[PDB]
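Descriptive structure summary
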Amino acid sequence: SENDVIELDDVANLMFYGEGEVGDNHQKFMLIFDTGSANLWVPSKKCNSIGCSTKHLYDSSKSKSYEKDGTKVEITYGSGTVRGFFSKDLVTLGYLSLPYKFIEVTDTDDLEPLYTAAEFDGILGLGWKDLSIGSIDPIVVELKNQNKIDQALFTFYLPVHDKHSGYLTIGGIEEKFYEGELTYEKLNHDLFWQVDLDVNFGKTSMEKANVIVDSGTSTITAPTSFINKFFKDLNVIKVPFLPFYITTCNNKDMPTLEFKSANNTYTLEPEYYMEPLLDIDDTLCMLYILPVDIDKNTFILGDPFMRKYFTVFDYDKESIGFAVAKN
Ligand SMILES: Cc1ccccc1CNC(=O)[C@H]1N(C(=O)[C@@H](O)[C@H](Cc2ccccc2)NC(=O)c2cccc(O)c2C)CSC1(C)C
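Residues numbered from 1 in each chain as written, not as in the entry; some residues may be left out. Heavy atoms only, no water.

As documented in the archive entry, the model was determined using X-ray crystallography at 3.3 Å resolution.

Here's what the structure looks like:
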């Protein structure tokens, strides 16, 4: 279908960006499509933070569809906070264009050390309205609306590394991406793309958790409590300075990660969470799991899942589809 296709391109590590232009002159920007935030921002030219130094900056004169706002405002992401001011210009996603409301970022340092360390300029959120600061209607909701796409949904198709290329699709399920039949889960709320699921990490488990599907992060997380029990099981090693738990890859005895719907069951093998350390030899591994304390029953599923499962987000259907991806 007229299904806009956005190419996610990954970068040495394992995080992906996508092209993004704002305005008549079509200034280009490496963003981050994220189902965890619900805003959009681009480091504005009127920024001078070191961060911005080596970064694509947005400049407004240059266009004339730039409508002015200047209302000052900020966002406090999990790993930092940003400051600037709303602006409204033309935001375009390859095939599709659109006049939208975004934040012109001025003061970063903070998202910092991060912000420079990462091959990215901005973030385009893909969450629900209530998750956004300033109550802004999720683009996809608001293309569907202007009837410029079939329906309100987006798909995240994820591959691997050397292998191939990520693919964000807006407006339709493309079977070119998955294997088997799709199963869905209905959102427990319209904030994040959160759904109710029963969760086992191998042996240690938690029932009726709140799980959410975060295209933005590259990790999988869970309440620390829940981890401790798990980590201790397979004797993991947390070296202070390094921020990841390491462990033997060939671990005779390798648990999978269970995610149970009433009548669906989603699993994640040990290979979809682990990474050699060290790139010469597969003795030690780095895990993609980390203890974070959002709530007491809140988990987060980032790339690691979507690498395996082609995922579908349906605004109207007020739900999310799951299915195994093509390779
Ligand atoms: C997984 C995790 C947990 C806690 C802190 C950081 C991270 C890693 N975050 C990431 O990889 C990236 N982000 C993401 O993946 C985002 O989806 C982030 C995920 C999240 C959800 C609930 C609690 C805390 C964080 N969410 C938010 O930042 C967030 C969530 C709710 C409201 C809101 O105004 C924001 C900005 C935000 S930018 C980022 C590059 C930091």
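There's more to say after this.
By definition, the strands of a sheet pair up through backbone hydrogen bonds, in either a parallel or an antiparallel sense. With mixed pairing, 3 strands are arranged side by side in an open sheet as 22-15-23. In the strand order of this sheet, the two ends are held by strand 22 (289-291) and strand 23 (300-301), each with one partner. Note that strand 15 (residues 220-222) and strand 22 share 3 bridges and pair parallel. Bridged to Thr221 within strand 22 is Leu290. Of the strands in this sheet, strand 15 and strand 22 touch helix 4 (residues 224-233), which is tilted by about 130° from strand 22. (Pairing = 2+ DSSP bridges. Helix = DSSP H or I, 4+ residues; strand = E, 2+ residues; numbered from the N terminus. Contact = heavy atoms within 4.5 Å. Axes fitted to C-alpha atoms, helices over the stretch in contact; angles between N-to-C directions.)

In the vicinity of the ligand lie 14 residues, with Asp34, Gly36, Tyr77, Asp214 and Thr217 positioned nearest. At 2.3 Å, a side-chain N or O of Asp214 approaches an oxygen atom of the ligand. With respect to the ligand, the side chain of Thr217 contributes an N or O atom lying 2.7 Å from an oxygen atom. The protein chains hide 77% of the 730 Å² of surface that the ligand would expose on its own. Taken together, the residues of the shell around the ligand break down into 5 nonpolar, 7 polar and 2 charged. Lining the shell around the ligand are residues from two domains, each supplying at least three of them: domain 1 (1-175) and domain 2 (176-327). (Near = heavy atom within 4 Å. Polar contact = N/O pair within 3.5 Å; in protein donor to acceptor, adjacent residues only side chain to side chain. Areas by Shrake-Rupley, 256 points an atom, 1.4 Å probe, with all protein chains shown as cover. Nonpolar A, V, L, I, M, F, W, Y, C, P; charged D, E, K, R; others polar. Domains from an automatic or database assignment.)

On to empty space enclosed by the protein, then. Inspection of every chain in the model, using the stated rule, returns 4 cavities of 30 Å³ or more. Here the largest cavity is characterised by a volume of approximately 70 Å³. As for the largest cavity, its lining consists of 14 residues, and the residues nearest its centre are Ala38, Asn39, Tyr100, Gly125 and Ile136. Elements with a minimum of two residues in the lining of the largest cavity: strand 8 (99-107) and strand 9 (123-125). Partitioning the lining of the largest cavity into residue classes produces 8 nonpolar, 3 polar and 3 charged. (1 Å grid on protein atoms, 1.4 Å probe; cavity = no way out; pocket = protein on both sides within 12 Å on 5 of 7 lines; lining within 4 Å. Points joined across faces, edges and corners; volume = space filled by probe spheres on them.)

What follows concerns the pairing of strand 25 (residues 319-325). For strand 25, the buried fraction is high: 6 of the 7 residues fall into the buried class. Here strand 12 (residues 178-190) runs beside strand 25; their pairing, made up of 6 bridges, is antiparallel. Bridging from a neighbouring strand, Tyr178 pairs with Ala325 of strand 25. Here 6 bridges tie strand 24 (residues 309-314) to strand 25, and the two strands are oriented antiparallel to one another. The residue of strand 25 that forms the bridge with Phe313 is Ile320. Between strand 24 and strand 25, which pair antiparallel in sequence order, lie 4 residues; one of them, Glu318, sits at a positive phi of approximately 45°. (Buried < 20%, exposed > 50% of the residue type's maximum accessible area, 1.4 Å probe, protein only.)

This next bit is on the pairing of strand 3 (residues 27-30). Pairing geometry for strand 2 (residues 15-22) and strand 3, over 4 bridges, is antiparallel. Each residue of the ladder has a partner; that of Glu19, found in strand 3, is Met30. In this structure, the hairpin formed by strand 2 and strand 3 is closed by a connection of 4 residues, where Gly23 is found at a positive phi of approximately 105°.

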